[PDB]
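Residue-level listing of the chains:
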Amino acid sequence: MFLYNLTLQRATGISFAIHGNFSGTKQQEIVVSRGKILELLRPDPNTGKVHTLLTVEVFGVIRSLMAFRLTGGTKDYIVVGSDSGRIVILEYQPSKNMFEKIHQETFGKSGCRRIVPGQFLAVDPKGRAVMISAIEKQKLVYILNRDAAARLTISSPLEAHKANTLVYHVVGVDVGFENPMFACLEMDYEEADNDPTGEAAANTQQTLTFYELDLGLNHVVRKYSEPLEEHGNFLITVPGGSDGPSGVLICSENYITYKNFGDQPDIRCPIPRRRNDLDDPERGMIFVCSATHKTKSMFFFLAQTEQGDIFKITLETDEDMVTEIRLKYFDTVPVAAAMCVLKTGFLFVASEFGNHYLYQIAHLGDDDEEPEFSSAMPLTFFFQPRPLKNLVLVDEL
Amino acid sequence: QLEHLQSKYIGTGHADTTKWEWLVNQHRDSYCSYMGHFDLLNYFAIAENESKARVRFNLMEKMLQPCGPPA
Amino acid sequence: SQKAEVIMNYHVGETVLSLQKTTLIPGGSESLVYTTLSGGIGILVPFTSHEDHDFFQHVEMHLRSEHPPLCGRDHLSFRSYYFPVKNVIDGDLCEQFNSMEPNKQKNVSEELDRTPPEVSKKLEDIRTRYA
Amino acid sequence: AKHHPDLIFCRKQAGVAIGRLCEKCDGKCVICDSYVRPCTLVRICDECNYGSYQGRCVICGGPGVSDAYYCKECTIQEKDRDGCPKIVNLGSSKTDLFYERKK
Amino acid sequence: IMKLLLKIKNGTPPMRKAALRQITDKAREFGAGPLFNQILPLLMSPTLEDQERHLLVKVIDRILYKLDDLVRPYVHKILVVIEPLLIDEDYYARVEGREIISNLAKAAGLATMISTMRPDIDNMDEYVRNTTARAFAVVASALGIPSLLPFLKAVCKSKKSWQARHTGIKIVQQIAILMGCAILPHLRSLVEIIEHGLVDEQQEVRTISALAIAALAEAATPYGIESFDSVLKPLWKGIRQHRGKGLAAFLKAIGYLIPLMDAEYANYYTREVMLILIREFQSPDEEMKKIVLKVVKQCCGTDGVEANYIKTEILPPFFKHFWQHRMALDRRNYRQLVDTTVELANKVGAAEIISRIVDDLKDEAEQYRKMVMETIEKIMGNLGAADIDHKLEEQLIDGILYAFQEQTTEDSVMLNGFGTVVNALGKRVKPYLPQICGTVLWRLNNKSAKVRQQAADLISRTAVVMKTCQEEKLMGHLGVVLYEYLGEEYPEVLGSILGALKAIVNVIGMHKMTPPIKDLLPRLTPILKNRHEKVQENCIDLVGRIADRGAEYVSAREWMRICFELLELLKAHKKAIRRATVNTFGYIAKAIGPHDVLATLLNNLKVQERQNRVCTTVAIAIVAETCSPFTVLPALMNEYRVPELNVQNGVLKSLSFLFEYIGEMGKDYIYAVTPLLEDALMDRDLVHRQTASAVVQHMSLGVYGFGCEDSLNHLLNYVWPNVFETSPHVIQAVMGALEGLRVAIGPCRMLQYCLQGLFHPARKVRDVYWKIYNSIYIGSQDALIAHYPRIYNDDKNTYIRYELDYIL
RNA sequence: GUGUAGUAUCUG
RNA sequence: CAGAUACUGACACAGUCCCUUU
Ligand SMILES: [Zn+2]
Ligand SMILES: [Zn+2]
Ligand SMILES: [Zn+2]
């Protein structure tokens, strides 16, 4: 007895979300990827509602999603790393109202294996290279370039293998017209499998390794690797080069740290704590997501905790050295897996469990009543939550 | 020799392999595969009232030395 | 001592926690409506005649090679992720036939000696009858 | 060549270079040495394509004239996800008849 | 030991192969002293035969990996007989030293070789000073290149004499030559080491430094400019004040750096060196006169030099000094010029360079004509003929026709040139077909068996264009003319005529051939009896082509003679003959019928030669596949109960090929073969189980994904007992069968079989089980997550995956 | 007709 | 340790010399 599999309703589970000019004009679209469905949707700036333009299926789980553009261009591309065991670069075609296959490179077997690149994906902000790395020992780097045919080109992959290494996160460091640099969180475990006493399992720190891409000798080597104090989960890139300093924003447990290569001090500002918490006072506090609103005039950052509280990270510097980090409670929203700070004062929040919201920004949070925190204050901060008073709800999915 | 391909891939055993290093690889592969499928993590995050980031962090932390210390 | 045989295998790719056989529309038939853990609702309706199963299998086999997945992965291998597929024909790939270029549509249709409207009409008719 | 258990394969990495095949072996599988249903192209690492080794046949090493291919069994079994199949060995059944026929 | 050694050195090849085994794995038992001091003096014997050298060096390849730490004391005495080995002009001789010294270094250390071989630098002999660079390079290929940099950094800095610096720079040059692109990661660390020799006060080390830097520049062709940043000045401010052979090295070094530059540096620095480049076009020497041409070609092959500028500058002097009647004396200059001329056409334009040599083929000398014709054909084949106008094409046609008419010796370039030109022109050659056809026919008629084959090859090449030129009448006339020449005694002429006939048959339709096929095949059949390889190789293809489409013009009676005659053609040597002889059976059975044809093939399984039974097996498989599988299966299965063994294995071998060929259609005949594999997988000879394993492998691979595992599960129960074998072939087939079954059934069933005896208390069983587990583990790694068993906890450990027991 | 690996059985 | 007789791997057959330089 044969069976025919039809469908009635498509999955609405959001896992990743990116924003950019995927069409070509001066309008920003959102590419939201479901579990195994690639979707495109844009909001109307005049009424606020959101429409659907494409619901193409990829027939396979997606483990990463990134967007980038070439230097001196006006179109945004999509890089997808998935269980397929390959790397795919897409392109949106408004005339055909469908995606366009461009490149396809094979670098291993298929399946969610251990040593298979595809989990962590990072791209150069300037748009000159891309790094796809596995959970262990299978770091791989490509070199993107443009030729006289005005078409994207892919060179041979460059291996950066390292045995007995676990990777927590990979981010691309912003450098102004220099060699590309990438950061990762390695942690060796070779010594932990040779001591039966088990003392080597503890007191084992993880390092912040920076990888140097030699654009003249065509090889990748690691330069800096320094141990850390406590474990972190994810990193936030800082716009550098000519607009702001260059570095990372490691978000460890109950702390946020800024570290830069070379000679530069470190800043550790404890995360603010809710006033009169009713929970057990032995549970750590960590971040779940972030955002970036880089602008030529001024830039800030966003974050969200386990309870769903949006903060506002602002860095302080004079020429290159970062002096202090100034946190400030922004609003309270349901816990989400990704955010997209849209232009024209629009914010998109994609909840991990429930409906999906879309808010607009009326005030940027200037000259407020609540105080702002900093790392200069000695010594367990507190704050009082309240209604929004800064955002309004205009659409719900 | 046909053992060239089997050697470059980690997790490959031989005639003198002890149970402990087989089970630690068995647990590590499962831990890695947990973060791959999205619904396999949704089930874990619904079973215990936690967030996806917390479950991912715990799974990453548990990979340093699963199945206890060796003998 | 007395094992049981398996007559069907598949891989939806999402966790399923609901299974029920109940007619969905007035005058319909017995379906196998299930619900996924992400928000998807699907059915596992069977074939009625015998001359339609061969056509559907041919269409699926031809689209397996004339329309590769966007990411790029063997559809047969994807549906055989844990256990090999058995007595199941994917319907999403068949319904995807409605979205290509006219030349490719004609090239796919010409092997079966049919017009693209003829293929589309029955593809919609089978869907509009059980649901 | 699976008939000679002396040859050693490369298995380094893939690339943007497509292998070539000569007149003596036009439609043969790289690994299976079969003759049915070519499926996928063949890529070679940059170490196997440089100067004097550019545009040479994968199996024997003569002047290539047509592109190489993988059979359908190699695609179903995913035997093409290993690296490059270029032979990096001179062999014993091809480098001995030289001295045997010199006399 | 001695008896084995002199049995190997002088004996029959089977006895030598048998006796070579006991000397391989018994090296350290005798020790590095006795066997080496007994085998080295024999190689020390002068005037040793060439066949002896390979045999005496092959033993090292088997006995080296047994004495890792025992090859230290007499490294110098070992390599005094190996350093001259890798300098011989023979291609295979150099490999036999390069692939043994590298392995010996891999089985040794730096401190021994360097210490023993350091005082070889200060030697007056040139041969040792030249072979020492290669000695460094072969050992630096392995053992890692960066580990030798600290030692090399002091070799070419000694103040004792220039010999150390010369040796070091030669070492660097050889390393760059035979390392390839592996020196790219640390090119900068190597440039500065030899950068100081460019301003030395001696005209003996500057040239070798230039050669070394040229080698490094050519090794990293597309990358590595920033490393060559501080060397521009020494090479650039050093050519005006240098003259002679030393300037050639500097020019060669500076030639490679031009492509590496950007669109600005190359463009700027080309002009200031073009002055010397132009001035150097005249010189009594030729070794330096080809380096200048190579530099010209390399400068042309850049993205910075424009077209109008280079056309105005380089062409007037380049096309006045080199186009002479003396460059043909040396083959190196000939090849360099013909290779260099192409890029000018590739960049500035085909016609602008073609028109300057079109009016040159009318010359008395033949070497000059051969030199110019291949350049013209290479230029024509790259770009095309879209830029050629009427006058230039007329002149080119006249010149090529005159050159083809005047032939002196056996040069295989006129055919290629004329064919390439005719193909490039295409349909613009219409007013020239009668003339070329008449000339070809006249050359074919009444010649001394040396240009008739040339004319046949020419018409075979040019038959394609005449179809687009609408000249089928002359094609039919040529086909009629070629018929009466099939009686030629010479084999080469007959083969060329057969190839021409095949080309004519291919280009034109089958129903419009002026000579009837019914009047051709009776004449064609006796031809398939010559022992010459060439005549059969191109007559079998013609017979197959005739049988393909021209099968309804021929009655079934005379096909029987061809069927019997094809059986003698399976005993040939080249595989191209048999690959088509097998396929012709399937071509003709579609028209005749798979009853009488298949009966003849079955009898052919009693020839007691291995190369013919396999071919008959493939013929049976293809004839079964082409017509229908079921109409011939019972006849094939009936021929299994005969007492003979070779025919018994023939049907088993044919089943595998048939199943591989049919593929998706094997799900209907899956039941018929099962009660033949069932009693094939018994305690019979090893050949039956070896072949049935491949049969099962192909059978399972062909039906994957269609849900036919019910019989595959039953068949799996017989392959597993035949795994504990020792012969390489049977295990090689059984593992392949298991791997082919694991993709059609699933890893869940194979894991249960494998886990039964993984931790067996024996070792031979454990090795096999672990090998099978590794084979299953490499493929479908993620699919094993849900099929793992449950293991309970011991005293102090966690062996239970508690995360999978969560309940919603 | 020859060469290049591998395997089985009887006898000394 | 050797001899003899059978067998397997669509094994290959002047293969040709393509930085060896003055
Ligand atoms: Zn070849
Ligand atoms: Zn294959
Ligand atoms: Zn390679």
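Conventions adopted
Here every chain is numbered from 1 following its written sequence, which may not line up with the entry's numbers; residues without coordinates are dropped from view. Labels are handed out in written order, letters beginning with A for the chains and numbers beginning with 1 for the ligands. Values throughout apply to the part shown, which belongs to a larger assembly of chains. Remark: hydrogens and water are excluded; side-chain values derive from all non-hydrogen atoms of the structure. Residue proximity to a molecule or strand is established when one non-hydrogen atom of the residue lies within 4 Å of it. Nitrogen and oxygen atoms within 3.5 Å of one another constitute a polar contact, given that in protein one can donate a hydrogen and the other can accept it, and given that sequence-neighbouring residues count only through two side-chain atoms. Helix and strand labels come from DSSP, where a helix needs a run of H or I of at least four residues and a strand needs a run of E of at least two; each type is numbered from the N terminus. Each residue gets one label: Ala, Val, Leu, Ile, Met, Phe, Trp, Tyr, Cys and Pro are nonpolar, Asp, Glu, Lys and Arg are charged, and the others, such as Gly, are polar. Here a patch means residues that are over 30% exposed by relative accessible area and free of salt bridges, tied together within 9 Å if like-charged and within 5 Å if nonpolar (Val, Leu, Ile, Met, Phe, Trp, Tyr). Using a 1.4 Å probe, the Shrake-Rupley method yields the accessible areas, and only the shown protein chains count as cover for residues. Salt bridge, as applied in this entry: a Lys or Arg side-chain nitrogen positioned within 4 Å of an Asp or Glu carboxyl oxygen. Pairs of strands are assigned from DSSP output, requiring at least two bridges between the strands. Note on geometry: axes are lines fitted to C-alpha atoms, helical ones only across the stretch in contact, with angles between N-to-C directions running from 0 to 180 degrees. Contacts between residues were defined by any pair of non-hydrogen atoms, one from each residue, lying within 4.5 Å. Put simply, buried area is how much 1.4 Å-probe accessible surface two parts lose in total, over both of them, once they are put together. In summary, the pairing rule links any two rings of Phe, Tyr or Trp, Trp by its six-membered ring, whose centres are within 6.5 Å, and it sorts them by plane angle into stacked for under 30 degrees, edge-to-face for over 60 and tilted for everything else. The criterion is that NZ of a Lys, or CZ of an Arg, lies within 6 Å of the ring centre and within 35 degrees of the ring normal, and then a charge sits over that ring. The buried label applies to any residue whose accessible area, calculated with a 1.4 Å probe on protein chains only, is under 20% of its type's maximum; exposed applies above 50%, and partly exposed to all values in between. Distances decide who is a donor: an N, O or S atom must be within 2.8 Å of the metal, or within 3.2 Å for Na, K and Ca. Water is not included, so sites may look incomplete. The rule is simple: four donors are tetrahedral if all their angles sit between 85 and 135 degrees, four are square planar and six octahedral if opposite donors span more than 155 degrees and the others lie between 65 and 115, and anything that fits none of that is irregular.

**Q** Sorry, what's going on with the protein's contact with RNA strand G here?
**A** Looking at RNA strand G, there are 29 residues lining it, with D:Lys24, E:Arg94, E:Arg332, E:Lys575 and E:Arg610 nearest. Of everything in RNA strand G that lies within 4 Å of the protein, sugar and phosphate atoms constitute 66%. At a separation of 3.0 Å, a phosphate oxygen of RNA strand G approaches a polar side-chain atom of E:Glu287. Looking at the surface near RNA strand G, the elements that each hand over two or more residues are α2 (97–102) of chain D together with α7 (91–106), α34 (610–627), α36 (646–662) and α38 (686–702) of chain E. Among the elements that line the surface near RNA strand G, the one with the most residues is α34(E), at five residues. Taken together, the residues of the surface near RNA strand G sort by class into nine nonpolar, seven polar and 13 charged.

**Q** Sorry if this is basic, but what is going on with a nonpolar patch on the surface here?
**A** There is a patch of nonpolar side chains on the surface, built from A:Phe353, B:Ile46, C:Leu17 and E:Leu808 and spanning about 390 Å² of accessible area. Note on placement: E:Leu808 falls in the segment after α42 (764–778).

**Q** Quick question: what am I supposed to make of the sheet that holds strand β8 (residues 86–90) of chain A here?
**A** Across a sheet, strands are paired by hydrogen bonds formed along the backbone, either parallel or antiparallel in direction. All names here are of chain A. Here four strands make up an open sheet; going across it, the order is β6-β7-β8-β11 and the pairing antiparallel. Unpaired on one side and paired on the other, β6 (62–69) and β11 (103–106) mark the two borders of the sheet. Across the sheet, the axes of successive neighbouring strands diverge by a mean angle of 15 degrees, strand direction being ignored. With four bridges connecting them, β8 and β11 associate as antiparallel partners. Its bridge partner lying in β11, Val-88 is registered against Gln-104.

**Q** Where do I start with the pattern of salt bridges in this structure?
**A** When charged atoms on two side chains of opposite charge get close, those side chains can pair. For the coordinates displayed, the defined rule picks out 48 salt bridges over all chains. Between E:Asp90 and D:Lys102 there is a salt bridge, with its nearest N and O atoms 3.7 Å apart. Separated into two different chains, E:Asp90 in the loop between α6 (75–79) and α7 and D:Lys102 in helix α2 make up a pair that spans both.

**Q** What is the right way to look at the interface of chain E and chain D in this model?
**A** In many analyses, interface size is given as the accessible surface area lost on bringing the parts together. The interface of chain E with chain D comprises 23 residues on the first partner and 18 residues on the second. With a closest N to O distance of 2.5 Å, E:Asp50 and D:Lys102 form a salt bridge. Counting the contacts that link chain E with chain D gives four residue pairs in polar contact. It is α7(E) that contributes the most residues to the side of chain E that touches chain D, four residues altogether. Across the side of chain E that touches chain D, the residue classes tally to 10 nonpolar, five polar and eight charged.

**Q** Teacher, can you tell me more about the interface of chain C and chain A here?
**A** Counting from both sides, the interface comprises 40 residues of chain C and, opposite them, 34 residues of chain A. The contact between chain C and chain A buries some 3,500 Å² in all, and 59% of this surface belongs to carbon and sulfur atoms. Put simply, chain C and chain A have one salt bridge between them. C:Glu14 serves as the salt-bridge partner of A:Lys36, at 3.1 Å between the closest nitrogen and oxygen. Counting across the interface, chain C meets chain A through 14 residue pairs in polar contact. When contributions to the side of chain C that touches chain A are tallied by element, the ones reaching two or more residues are β3 (41–43), α1 (51–66), α2 (75–79), β4 (88–90), α3 (92–95) and α5 (116–130) of chain C. Class assignment of the residues belonging to the side of chain C that touches chain A gives a composition of 22 nonpolar, 10 polar and eight charged. By the bridge criterion, three bridges tie strand β1 (residues 3–9) of chain A to β4(C) in an arrangement that is parallel. For A:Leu3, the partnering residue across the bridge sits in β4(C) and is C:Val88.

**Q** Can you walk me through the packing of aromatic side chains in this structure?
**A** All told, the structure shown has 41 aromatic pairs over all chains when counted by the stated rule. The positively charged end of C:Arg114 is found above the aromatic ring belonging to C:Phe55, 5.1 Å away from the centroid. If you follow D:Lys102 out to its NZ or CZ, it ends over the ring of D:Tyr99, 5.3 Å from the centre.

**Q** Sorry if this is basic, but what is going on with the environment of A:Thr380 here?
**A** Positionally, A:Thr380 belongs in the loop between β33 (357–361) and β34 (382–383). A residue is classified by how much of its surface remains accessible, and A:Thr380, at 74% relative accessible area, is exposed.

**Q** Would you mind going over the coordination of the zinc ion (ligand 3) with me for this structure?
**A** Between any two of four tetrahedral donors, the ideal angle at the metal is 109.5 degrees; between two of six octahedral donors, it is 90 or 180 degrees. Residue and element names in this part refer to chain D. The zinc ion (ligand 3) binds to the protein through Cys-10 (SG), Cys-45 (SG), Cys-48 (SG) and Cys-84 (SG), with metal-donor distances spanning 2.3 Å. Coordination geometry of the zinc ion (ligand 3): the four donor atoms subtend angles of 105 to 115 degrees at the metal centre, consistent with an arrangement described as tetrahedral. We note that the donor set of the zinc ion (ligand 3) lies within a single chain, spaced as C-x34-C-x2-C-x35-C. Here the residue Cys-10 occupies a position in the segment before β1 (17–18), and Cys-48 occupies one in the loop between β4 (43–44) and β5 (66–67), the gap between them amounting to 38 residues. One exposure class covers both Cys-10 and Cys-48, and it is buried.

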